[PDB]
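Let's start with one chain on its own, the form deposited in one PDB entry, as structure tokens.
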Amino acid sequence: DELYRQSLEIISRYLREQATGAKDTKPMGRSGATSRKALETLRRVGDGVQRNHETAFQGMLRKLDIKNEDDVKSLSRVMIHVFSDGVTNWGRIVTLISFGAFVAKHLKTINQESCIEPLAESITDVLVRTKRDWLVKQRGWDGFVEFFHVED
């Protein structure tokens, strides 16, 4: 539905921009203001995650040795497994997307840039299928933006 489209748009845009360093110039779809704020939030908060945990993220990438649209399936099982302790929070969600960006960058450097598309799809599926009820209860991307808002 709309939550799926909005999520895939936000996550795809973030991962592609992280991999290429190019901001997409085209307009967002419905609920564009929330999506633009979600992207601002991912840029800002995802930077803190990736820099605080860069060494660990590097080691994770080495472990997985992702080089094919199929190692991404292994990553999907890992990402679902994150939530198997029954704990959900916005920190875990931003962290998964941040690790996704770290992987997207690696995929570009090894010349598999089109795999950023199935990568974005797999991360989106964890939020909008696996954790749909929590996402909706927490107000979706508006809740995400509010959780990470910068105080005056």
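Shifts are known only where both forms have a C-alpha. Heads up, when I say rigid core I mean the largest set of C-alphas that superpose within 1.5 Å between the two forms. In case it trips you up, residue 1 is the first one in the sequence shown, and so on.
Another form, the form deposited in another entry, is not on view; read the next lines as being about it.
When the two forms are overlaid on the rigid core, CA displacement between this form and the one not shown of 2 Å or more is confined, within 95, 31, 112, 88, to 112. After superposition on the rigid core, the Cα of residue 70 moves by 2 Å or more between this form and the one not shown. If you compare C-alpha positions, residue 113 and residue 16 are 3 angstroms or more farther apart in the other entry than in the form on display. In the other entry, the separation between the C-alpha atoms of residue 112 and residue 21 shrinks by 3 Å or more relative to the displayed form. Legend: core-fitted overlay between this form and the one not shown; highlighted in sequence order are 68-71, 112-115, the runs of at least 3 consecutive residues with CA shifts of 2 angstroms or more.
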